[PDB]
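See below for the structure under consideration.
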Amino acid sequence: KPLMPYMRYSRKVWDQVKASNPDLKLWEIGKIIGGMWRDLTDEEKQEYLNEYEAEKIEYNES
């Protein structure tokens, strides 16, 4: 099943957020990722929305 655009971004970027400060707890990583997504341009977000749209089409055809 396809992953939501916001959280596929969270998966792709989680490790580098931990790399910036390994002492960060899980809830601190999620709070930061929320800020990073907010900083994204609308065209950057559209790439993840396109990817999920392609992901949705494939899964529904199975």
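No Cβ is skipped: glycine too gets one built from the backbone with ideal geometry, and neighbour counts run over all protein chains shown. We did not get these values from a lab; they are worked out from the coordinates using the rules stated.
Number of residues in the stretch 8-23 that are under 8 Å from the mean Cα position of the chain (by Cα) and either in contact (Cβ under 8 Å) with a residue 40 or more places away in the chain or not in a helix (DSSP H, G or I) (or both): the value is 1.
Among the residues making up the stretch 24-62, those that are part of a loop (DSSP other than H, G, I, E, B), charged (D, E, K, R) and farther than 19 Å from residue 3 by Cβ are 25, 39.
Determine, yes or no, whether residue 9 is surrounded by 14 or more Cβ atoms within 10 Å (Cβ to Cβ) and touching a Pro at 6+ places or on another chain (Cβ under 7 Å). Considered against the rule, which asks whether it is surrounded by 14 or more Cβ atoms within 10 Å (Cβ to Cβ) and touching a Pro at 6+ places or on another chain (Cβ under 7 Å), residue 9 comes out as no.
The set of residues in the stretch 24-49 that are among the aromatic types (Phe, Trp, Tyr) and either under 30 Å from residue 62 (Cα atoms) or touching a residue at least 40 places away in the same chain (Cβ under 8 Å) (or both) contains only 48.
Evaluated against (1) exposed (fewer than 10 other Cβ atoms within 10 Å of the Cβ); (2) touching a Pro at 6+ places or on another chain (Cβ under 6 Å); (3) not hydroxyl-bearing (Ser, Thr, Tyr), residue 56 falls short on exactly one condition, (1).
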